């Protein structure tokens, strides 16, 4: 579909990702994906972080959100770390964050925060090799309101890998987000995208 030598703004990675969704459209898979993401957003929205972990997150998960340094489109000499990790969590690291959220002394959680997620553009495709690896792509708008007049809205595309876990439940085993905004104007990125 995409020739990156012609489509000059396209990253090799992006061209790779779009190819898996263009070939096989499994209508029922897209619907499964939709359900999975809707329920996950629902649990996150009501702040059921333990339920989230228990029901949506695989034990081998990699939960990654990066922030890419701004570099020339035509830059080809400078080769130092291109991105830093806002998140790069394994299951136990998520669990640390979850406990931090539930801790009665997390003063920033009082009064209670309000989250509202909007998941769109869901695409789903089984991996070519691992027949048990489901690729799901989706975009999120995440709205967080707190303390009367604080409002932060986050925007992102999520490249996920979901796999049937124990009890046949499909769980997230990889979430990768290249956060679009280099400098955050949201106070922090302390939300689960």
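Residue numbers count along the first chain shown, from 1. Think of the rigid core as the biggest set of C-alphas that the two forms share within 1.5 Å after superposition.
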note = Of 161-169 and 28-36, the one with the larger RMS C-alpha deviation from the shown form in 8 other deposited structures of this protein, core-superposed, is 161-169
remark   = Of 45-53 vs 122-130, the stretch with the larger average CA B-factor in the entry is 122-130
note = With B-factors read from the PDB entry, the higher C-alpha mean of 21-29 and 165-173 is in 21-29
key: Top Cα B factor in the deposited entry, candidates 115, 78, 87, 91   = 78
note = Chain thirds by Cα B factor, record data; residue 15 belongs to the highest
message = Split into thirds by Cα B-factor across the chain's modelled residues, where does residue 188 land: lowest, middle or highest?
response = lowest
